[PDB]
There are 2 protein chains.
Amino acid sequence: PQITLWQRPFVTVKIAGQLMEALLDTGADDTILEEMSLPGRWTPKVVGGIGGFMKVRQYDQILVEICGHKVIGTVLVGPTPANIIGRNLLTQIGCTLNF
Amino acid sequence: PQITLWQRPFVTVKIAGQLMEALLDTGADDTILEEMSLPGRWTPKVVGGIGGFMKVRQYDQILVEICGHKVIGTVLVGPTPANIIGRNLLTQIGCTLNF
Ligand SMILES: Cc1cccc(C)c1OCC(=O)N[C@@H](Cc1ccccc1)[C@@H](O)C[C@H](Cc1ccccc1)NC(=O)[C@H](C(C)C)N1CCCNC1=O
C-alpha cells in the first residue's frame, strides 16, 4: 500500500492473538505497545520522548503481524499514549518514505 | 527521493535563514524545532508525547525549506530532544509511506 499523511497512519496489527491499531512512525527507533499480556521473560528499559522518559518492559523475538505481514522483533510494552510501530519493524515490512 | 528506514530519516531544512536537520516523522501531527529565534508573535501551547508534556511556542505561517523545497505552515518551538517534521508539513512535500 501507498499511504498519504493527511490522517494519522494507523494499521492493524496482531500480536499474541490480540488485535490492535498502531501508528506507523518513522520518528520512532523502537516499537512500543500499550500494556498487554505478552508471555515470558522481559527486560526493564526506559524510553525518552518529547515530554520526558517512560519505563517499559522489553520483549525480544516477538512475532508481529502488521497489516497481515509477519515480522519478528523487539517490542516494548508500557503506559504509552499510542501504540507505535518503529523503524525496527518498519524495515521488515519494506517501508519507505517517498517525497 | 525514496528513503529506507534502516537509519533515522533526517533531512536538511532552512528556516528564517538558519539551517538544521530534522527527522521526517509520520508519528508526529505537528512540527517541533529546538529553541531558535523566530521573529514575531506566538501562542503558548503544550504538546504531549511519550514521557509526558512539553511547553512550546506556536508560530504560524512560517516558511520552511525542507530538502530545498518551500512549504508554509505552523512550527512549534521548544525544548525538544529532536527537531521533528510532522504531518502538517509532510503533506506539503507530497510525502507518502510505501510498504
Ligand atoms: C525517538 C524514539 C526512540 C526510541 C523509541 C521510540 C519509541 C522513539 O519514539 C518515541 C517518540 O515519542 N517519538 C516521537 C518523535 C520523537 C523523536 C525523537 C525524540 C523525541 C520524539 C513521535 O514519533 C511519536 C509520538 C507519538 C504520540 C505520543 C503521544 C500522543 C500521540 C502520539 N508523537 C508525538 O509525540 C507528536 C509530536 C512530536 C508532535 N505528537 C504530540 C501529541 C499530539 N500528537 C503527536 O503526533
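The rules behind each value
Residues numbered from 1 in each chain as written, not as in the entry; some residues may be left out. Chains lettered and ligands numbered in written order. Heavy atoms only, no water. Helix = DSSP H or I, 4+ residues; strand = E, 2+ residues; numbered from the N terminus. Rg over C-alpha atoms; globule rule 2.2 N^0.38 Å. Contact = heavy atoms within 4.5 Å. Areas by Shrake-Rupley, 256 points an atom, 1.4 Å probe, with all protein chains shown as cover. 1 Å grid on protein atoms, 1.4 Å probe; cavity = no way out; pocket = protein on both sides within 12 Å on 5 of 7 lines; lining within 4 Å. Points joined across faces, edges and corners; volume = space filled by probe spheres on them. Nonpolar A, V, L, I, M, F, W, Y, C, P; charged D, E, K, R; others polar. Pairing = 2+ DSSP bridges. Near = heavy atom within 4 Å. Polar contact = N/O pair within 3.5 Å; in protein donor to acceptor, adjacent residues only side chain to side chain. Least-squares fit on C-alpha atoms. Core = buried A, V, L, I, M, F, W, Y, C linked by side-chain atoms within 4.5 Å. Buried < 20%, exposed > 50% of the residue type's maximum accessible area, 1.4 Å probe, protein only. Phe/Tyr/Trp six-rings, centres within 6.5 Å; stacked < 30°, edge-to-face > 60°. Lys NZ or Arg CZ within 6 Å of the ring centre and 35° of its normal.

- By the method listed in its record, X-ray crystallography, this PDB entry was determined to a resolution of 1.80 Å.

## Regarding the overall build of chain A
- Counting secondary structure elements, chain A contains 1 helix and 9 strands.
- Reading the secondary structure of chain A in the N-to-C direction produces β-β-β-β-β-β-β-β-α-β.
- Relative to its length of 99 residues, chain A is compact, with a C-alpha radius of gyration of 13 Å against a globular reference of 13 Å.
- With the C-alpha coordinates aligned to their principal axes, the bounding extent of chain A is approximately 40 × 30 × 20 Å.
- Pairs at least 24 residues apart make up 48% of the contacts formed inside chain A by residues separated by at least 6 positions.
- Here chain A has roughly 5000 Å² of accessible surface; of this, 52% comes from carbon and sulfur atoms.

## Regarding the layout of surface pockets
- The calculated volume of the largest pocket comes to roughly 1000 Å³.
- Taken together, 38 residues form the lining of the largest pocket, with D25(A), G49(A), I50(A), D25(B) and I50(B) sitting closest to its centre.
- Broken down by secondary-structure element, the contributors of at least two residues to the lining of the largest pocket are β5 (43-49) of chain A together with β5 (43-49) of chain B.
- By residue number, the principal contributor to the lining of the largest pocket is β5(B), which donates 5 residues.
- When its residues are assigned to classes, the lining of the largest pocket shows 20 nonpolar, 8 polar and 10 charged.

## Observations concerning the sheet that holds strand β9 (residues 96-98) of chain A
- Pairing within the open sheet is antiparallel, and its 4 strands lie in the order β1(A)-β9(B)-β9(A)-β1(B). Each edge of the open sheet is held by one strand with a lone partner, namely β1 (2-3) of chain A together with β1 (2-4) of chain B.
- Where β1(A) and strand β9 (residues 96-98) of chain B come together, 2 bridges link them in antiparallel fashion. Bridging across to β9(B), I3(A) finds its partner in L97(B).

## Thoughts on the site of the ligand
- By nearness alone, 22 residues border the ligand, and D25(A), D25(B), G27(B), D29(B) and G48(B) come closest of all.
- Around the ligand, the neighbouring residues derive from chains A and B rather than from a single chain.
- In this structure, an oxygen atom belonging to the ligand sits 2.6 Å away from a side-chain N or O atom of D25(A).
- Its free accessible area being 820 Å², the ligand has 87% of it covered by the protein chains.

## Notes on the relation of the copies chain A and chain B
- Under the fitted operation, chain A is carried onto chain B by 0.0 Å of movement along the axis and a turn of 180°, and the coordinates agree to an RMSD of 0.1 Å. In short, the pair behaves as if placed about a two-fold rotation axis.

## Let's talk about the nonpolar core
- One finds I15(A), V64(A), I66(A), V13(B), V64(B) and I66(B) to be the most contacted residues of the largest nonpolar core, which totals 49 residues.
- Beyond its immediate stretch of four places on either side in the chain, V64(B) contacts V13(B), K14(B), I15(B), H69(B), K70(B), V71(B), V75(B) and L89(B).

## Examining the pairing of strand β2 (residues 10-15) of chain A
Residues and elements named next belong to chain A.
- Of the two faces of β2, the one holding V11, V13 and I15 is buried and the one holding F10, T12 and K14 is not buried anywhere.
- Where β2 and strand β3 (residues 18-24) come together, 6 bridges link them in antiparallel fashion. Paired with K14 across the strands is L19, a residue of β3.
- What sits between β2 and β3 in their antiparallel hairpin is a turn of 2 residues, with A16 showing a positive phi close to 50°.
- Pairing between β2 and strand β6 (residues 52-66): 2 bridges, direction antiparallel. The partner of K14 across the bridge, within β6, is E65.

## Quick look at the packing of aromatic side chains
- According to the stated counting rule, one finds 0 aromatic pairs over all chains in the structure shown.
- Across the ring face of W42(A), the terminal group of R57(A) is positioned such that the distance to the ring centre comes to 5.9 Å.

## Thoughts on unusual backbone geometry
Residue and element names in this part refer to chain B.
- Unlike most non-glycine residues, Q61 shows phi in positive territory, near 45°.
- Structurally, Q61 can be placed in strand β6 (residues 52-66).
- For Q61, a relative accessible area of 70% puts it in the exposed group.

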